[PDB]
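Protein chains in written order, with UniProt numbering: chain H, 143 to 337; chain A, 143 to 337; chain E, 143 to 337; chain B, 143 to 337; chain R, 143 to 337; chain Z, 143 to 337; chain W, 143 to 337.
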């Protein structure tokens, strides 16, 4: 019975608009890992079903770095005469070491929005027929599905609310002295502008 | 003989401009934790020497949540009939549990710059006698000593390079079509502005 | 007594303005390796104290490639049924294999300034109030703390001394027929320019 | 007697204008692998003779991912306590495992031009004295030696035949209503343009 | 049978456009050393066949420094009362010590382009009847066959693309605001100049 | 406990503005040699930490000449059937031969400021906003930290005090009849000039 | 061996700009007490090294009130027939009573910035050429090194930012209707004032 297939499609639907390493992506795969208790090969199927080959390669490189540090530290819990981590994390009775591999595997995705040098949210600009409010909501969502969890999105959003605005709103914001004011004052200013 | 006293002063000198949870702060306290192998009571002294009472309280709250998750998960490795984590992490023979407390203690600081709502780097604005290059350097340093590790400082800096610039550079940037453009083009444009 | 802590802080102060793989960085960590005889986990602490998590990943990838060539060549001296190199390089009595790991670890940093596509020294420019001499010295220093060892910095510096100069000095250099000449003649020409 | 030296030199001559991972490159090294039955250390000598150290690292990273998936899947057939793949693929009697390593090693190169972010053929532009026919041939050859196998070069070439044309041929192509058309109609139009 | 004679001629033919210590020169002699397993006297014949007497002397001086360091370090593995390194590397059963000599011999060539003061590529200048594109390709080849491996040719080439250009293109590059910009923008500017 | 690490870093800081082989450099390494009583391999570490790979090679070449003279003279006191000087100076009981090696090693540096064909102090020129007194002090310092000990700096400095001065101070010196006069008269004359 | 001499000098250097009882002063002496476990006579030496005779008398008076209250409460743990607190806190086997004395001794300093009728931060006035920003930073630091910990410095600083400002900025602040507004609006207003 391929019950995992139906749940994998539901996971892929849940993270459909969520970037690799985004909070919503991480909530969904943290629950999925906790729910299925996957082996290293089942984590490989989860990675390949959800992500592009470039992202899988970047995840692998980040994970290899985290494994290499843990292995050189000697904090893994793995016997070096019992085979590689990628095989021991498939062993039937080695539960604490599967769980440790699952946490390294989950941890690696959290660096992906940080390594990214051209994320989508940085190219979101206010349209020519688009209200200033609708633009700020669009940015707020774009940051939420973009930035990793534990990021200060508030100074970023008031900066983007000026820098990625329509040229007419930027002149209005300069005239009104709202070049980097709190978001309520930015919106109160641009209430006076219509497309 | 208090060897820790001279090293604690040296740590505070090294992290003097580094925000609690910033990479340089974290590099220094991660090394200090690895070097000193501190007990829970020595971590309390380290926290109090480096941080003010408000930050120490915010660290305690973040740490209490992380401890609460680990304790409810049952992943800590602590007997619940052997006393609090805060007392067991002072025991002489319980080295792996001291290490688990150290890692939770370190982990809590990485959320602090993300939780902050109006951090200091967010108030760095270009002067009226300050050249655009010096301002971008000032921002880069302020971000490096302020953003937590794994943050994408590159799209943040191209936004801030416009939004926190002098109004005359902002007019120049609008005139030149560079309201959120690559950092080389922002500098190539504002090379033609002098105070 | 954490004697390694005081020297690791001193090493980081000495290489603070030097790029990973630069001659001063390499001289200092080569001496540190020679003085401390560090294990793989102690090299991991040194890497983490000096470098960002991204640079540590890039170092790990470069090192993994160099280790992979040595491992496929069979020149390592490591028994392939005694565990990975990353655990064997922490074995107390295996001095020749620790030394082999230290030398591969040092070798990996030498590719990093070559792999870097937009280093800081390439953006060093002459200021509008700044003398030509002061600029050439700034470039010389930026190359010394930037370029890896065994690089022919002399034709690079006479090229950069023209290409990143102030436009008024560049016109002077074209007018005098010195668009790539020995540095004394470049300076003798731009000596006749004042800001 | 170094019979392999003459054959390796002949391979490098044969793939001289063929990009790493291109069909002619892959035919020549697939044949070389089939002909020599190389060990992992001989594949390392072949890689180093044909490719730059950066490309060898990028190949190693792609290959390391393919090995990691195969190893976690357990499809390879390697005993996981008999040492790493990179040493077992040099063992004299482990023929099926050497062959599996050879196929993974060959498979990794086909992702490299796809992984690449600035292919040379995309910057082949028609010269100011260059005939349109000769240009289409120059692109055709550049695509043949630069696209990975299983790529539809035909819609790519009719698009490139417009986008990478000389401005006078682009005006002619717009005027004649051929901004993307079969290569015969593009040529029938540009037969009328002479340098 | 003189099989080495045809291969030594073939090596000299292969490296005839490549400078001593350049990547293509080093790829070819690294393979040749691995293929022939040459003794110290055969390395002397190889050096003399490929290089001029000055370059052979400079290689000897550099090699003597590397040997002297290895000997004072005592990392070589040679019995000091069993005679010179230069004689022990001719002993037939001392294969690992011949291999150690081969790696030092190869290592010495990596300093030769770095020690150099007036290499040919620094005097590669755009001709008066030479297109800017053809010149950049000429520089690209000259750098590839002239720089040592692990050198960042990309910022070097954008600098040389200005400094060693035709004066009319340098005036155009200054006029257009591209004195040292990304290579596509340099070429897009100088596309508007014909000889 | 690496006590030598703290002193080697302190020595490199102390000789930071002193050229290799300059009097202050030589006083500092003469004391360091007397204090640490180093072996040949520790002298190699000291050489490599203080001097670049090129300067270390030039030191080695000069030292090899001194060793060759001492070895051909037969005055060293080394058994010629007990290995080379570079190995005997690492023997634990051969203290008198270690001391002789230390004196030859120190002696070699005194030729390095003499061997240079373009030393830095010879290109120190008076600035256009730089007072004549301040310039003469800068030259005096540059000679002291530049020249080798026992060089007659007094007639050299009165020549340089004219030749590397500002043209207006040279005209003044010619006008007052002081083209190469005692330094008190050069300064008494040029007190009249001001930038 | 007077190890305390070296640490007492370092403590006095670190708290040199910090007023007696200020948070940074208190962090440093709280750590020093925790590190050294000082007796009453060692606390007397610490007091005399850090503080003036007047401040030492005022500390003694404040401490005498706290001791008198503790002694009348009978909560100190001291037997009254075992001598004075000032003598019992020099008894080696009375560690819990030494620790109680240390906490009373530390507690007394926290009242000193509160007892002060004319503290230094209250006399910091904005200069005639001093930037409004620079003044607010000077006040922020002066409050931090002057006010006791747990005081609400935020409404104090927005009041001082008006009351001790330059008269031309106060007139501007009145004109703009900002006589006690949040610091960002105070600074955004006074951005318009240049000295």
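Just so it is clear, CB atoms sit at the ideal spot from N, CA and C, and this is done for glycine as well.
Determine, using beta carbons only, whether residue 180 of chain Z comes closer than 8 Å to chain E.
-> Here residue 180 of chain Z refers to the residue found at position 38 when the sixth chain is read from its first residue. Not one chain E Cβ lies under 8 Å of residue 180 of chain Z.
Could you tell me which of E:150, E:280, E:205, E:162 sits nearest to residue 198 of chain B, measuring between CA atoms?
-> Residue numbering aside, residue 198 of chain B sits at position 56 when the fourth chain is read from its first letter. Of the listed residues, the one whose Cα sits closest to residue 198 of chain B is E:205.
When the Cα of residue 291 of chain A is compared with those of A:154, A:169, A:146, A:147, which residue comes out closest?
-> For the purposes of this step, residue 291 of chain A is taken as the residue at position 149 of the second chain. It is A:169.
Label residue 229 of chain W either buried or exposed according to how many other C-beta atoms from any shown protein chain fall within 10 Å of its C-beta, with 16 as the threshold for buried.
-> On the seventh chain, residue 229 of chain W is found 87 positions in, with the first residue counted as 1. Exposed, because fewer than 16 other Cβ atoms sit within 10 Å of the Cβ of residue 229 of chain W.
Grab me the residues of residue 164 of chain H's own chain with a C-beta within less than 6 Å of its C-beta, minus the 5 sequence neighbours each way, in chain order.
-> Start at 1 with the first residue of the first chain, and residue 164 of chain H comes out as number 22. The residues are 287.
Chain E within 8 Å of residue 194 of chain Z, Cβ atoms only | Taking the sixth chain and counting its residues from 1, one reaches residue 194 of chain Z at position 52. Answer yes: the Cβ-Cβ gap between residue 194 of chain Z and chain E drops below 8 Å somewhere.
Leaving out five residues before and five after residue 236 of chain W in sequence, what residues of the same chain have Cβ atoms less than 7 Å from its Cβ?
-> Working through the seventh chain from its first residue, we reach residue 236 of chain W at position 94. Taken in chain order, the residues that qualify are 230.
Smallest Cα separation from residue 162 of chain H: which of H:178, H:148, H:195?
-> To locate residue 162 of chain H, count along the first chain from 1; it is residue 20. Closest by alpha carbon: H:195.
Run down chain B in chain order and give the residues with a C-beta less than 9 Å from the C-beta of residue 172 of chain R.
-> Start at 1 with the first residue of the fifth chain, and residue 172 of chain R comes out as number 30. Here the neighbours are 187, 190, 191.
Could you check where the alpha helix (DSSP H) with residue 296 of chain E kicks off and where it finishes?
-> Locating residue 296 of chain E in the third chain gives position 154, counting from the first residue. Its alpha helix (DSSP H) spans residues 295 to 305.
Assigned exposure category for residue 202 of chain Z - 16 Cβ within 10 Å defines buried = For the purposes of this step, residue 202 of chain Z is identified with residue 60 of the sixth chain, where counting begins at 1. Buried, by the Cβ-count rule.
Give the secondary structure of residue 325 of chain W by DSSP, where H, G and I count as helix, E and B as strand, and everything else as coil.
-> In the seventh chain, residue 325 of chain W corresponds to position 183, counting from 1. Correct three-state label for residue 325 of chain W: helix.
Could you name the residues of the same chain whose beta carbon sits closer than 7 Å to that of residue 239 of chain A, not counting the 5 residues immediately before and after it, in chain order?
-> Translated into the one-based positions of the second chain, residue 239 of chain A becomes position 97. The answer, listed in chain order, is 219, 220, 230, 231.
Please decide whether residue 248 of chain R counts as near chain Z, where near means a Cβ-Cβ distance under 8 Å.
-> Counting from 1 along the fifth chain, the entry for residue 248 of chain R is found at position 106. So, not an interface residue.
So which residues on chain H does residue 301 of chain A lean against when the C-beta distance must stay under 7 Å?
-> Here residue 301 of chain A refers to the residue found at position 159 of the second chain. In chain order: 301, 302, 305.
Can you pull the chain B residues whose beta carbon is under 8 Å from the beta carbon of residue 229 of chain H, in chain order?
-> Numbered from 1 along the first chain, position 87 holds the residue referred to as residue 229 of chain H. Result: 213, 214, 216, 222.
Leaving out the 5 sequence neighbours to the left and right, which residues in its chain are closer than 7 Å to residue 280 of chain W when beta-carbon positions are compared?
-> Taking the first residue of the seventh chain as 1, we reach residue 280 of chain W at position 138. 266.
How should residue 181 of chain E be labelled, buried or exposed, when 16 other C-beta atoms within 10 angstroms of its C-beta is the threshold for buried?
-> Translated into positions along the third chain, residue 181 of chain E becomes position 39. Per the 10 Å Cβ criterion, buried.
Neighbourhood of residue 172 of chain R by C-beta, 7 Å cutoff - its chain only, sequence neighbours within 5 removed | Along the fifth chain, read from residue 1 onward, the residue named residue 172 of chain R stands at position 30. So the list reads 248, once near-sequence residues are dropped.
Put residue 199 of chain Z into one of helix, strand or coil per three-state DSSP.
-> Translated into the one-based positions of the sixth chain, residue 199 of chain Z becomes position 57. Here residue 199 of chain Z sits in helix by DSSP.
Leaving aside the five residues before and after residue 285 of chain A along the sequence, list all residues of the same chain whose C-beta is less than 7 Å from its C-beta, in chain order.
-> For the purposes of this step, residue 285 of chain A is taken as residue 143 along the second chain, with counting starting at 1. Answer for residue 285 of chain A: 263, 295, 298, 299, listed in chain order.
Answer yes or no: do residue 255 of chain W and residue 289 of chain W have a C-beta to C-beta separation smaller than 8 Å?
-> Here the question's residue 255 of chain W lines up with position 113 in the seventh chain. Here the question's residue 289 of chain W lines up with position 147 in the seventh chain. Result yes, Cβ atoms of residue 255 of chain W and residue 289 of chain W sit closer than 8 Å.
Residues near residue 152 of chain R in its chain [Cβ-Cβ closer than 7 Å; skip 5 each side] | On the fifth chain, position 10 is the one that residue 152 of chain R refers to. Cβ within range, chain order: n/a, list empty.
Would DSSP call residue 217 of chain E helix, strand or coil?
-> As a first step, residue 217 of chain E is located in the third chain; it is residue number 75 there, counting from the start. Three-state DSSP puts residue 217 of chain E in coil, outside helix and strand.
If we call anything under 8 Å between Cβ atoms a contact, is residue 191 of chain E one with residue 246 of chain E?
-> Position 49 of the third chain, counted from the start, is the residue given in the question as residue 191 of chain E. Position 104 of the third chain, counted from the start, is the residue given in the question as residue 246 of chain E. Contact: no.
Cβ of residue 298 of chain H less than 8 Å from any chain A Cβ?
-> To locate residue 298 of chain H, count along the first chain from 1; it is residue 156. Output row for residue 298 of chain H: interface = yes.
So, residue 167 of chain R versus residue 160 of chain R, is the Cβ gap smaller than 8 Å?
-> Within the fifth chain, residue 167 of chain R is the residue found at index 25, counting from 1. Within the fifth chain, residue 160 of chain R is the residue found at index 18, counting from 1. Contact: yes.
Contact list for residue 210 of chain E against chain B, beta-carbon separation under 7 Å = Working through the third chain from its first residue, we reach residue 210 of chain E at position 68. The answer, in chain order, is 202, 228.
For the region 265 to 282 of chain E, enumerate the residues whose C-beta is nearer than 7 Å to any C-beta of chain A, in chain order.
-> 270
Can you tell me the Cα-Cα spacing of residue 272 of chain W and residue 309 of chain W, whole angstroms?
-> For the purposes of this step, residue 272 of chain W is taken as residue 130 along the seventh chain, with counting starting at 1. For the purposes of this step, residue 309 of chain W is taken as residue 167 along the seventh chain, with counting starting at 1. Going by the C-alpha atoms only, they are around 12 Å apart.
Residue nearest to residue 189 of chain A in terms of C-alpha spacing, selected from A:224, A:244, A:225 | In the second chain, the residue the question calls residue 189 of chain A occupies position 47. Of the candidates A:224, A:244, A:225, the one whose C-alpha sits nearest the C-alpha of residue 189 of chain A is A:244.
Report yes or no: is there a C-beta of chain R within less than 8 Å of the C-beta of residue 177 of chain B?
-> For this step, residue 177 of chain B is matched to residue 35 along the fourth chain. Judged by the 8 Å Cβ criterion, residue 177 of chain B is not in contact with chain R.
Count the other CB atoms, across all protein chains shown, that sit within 10 Å of the CB of residue 283 of chain H; report buried if there are 16 or more and exposed otherwise.
-> The sequence position of residue 283 of chain H within the first chain is 141, counting from 1. The residue in question, residue 283 of chain H, is exposed, as its Cβ has fewer than 16 Cβ neighbours within 10 Å.
Heavy atom of the ligand SAH less than 7 Å from the Cβ of residue 148 of chain H, yes or no?
-> Because no ligand of any kind appears in the structure shown, any question about the ligand SAH cannot be addressed here.
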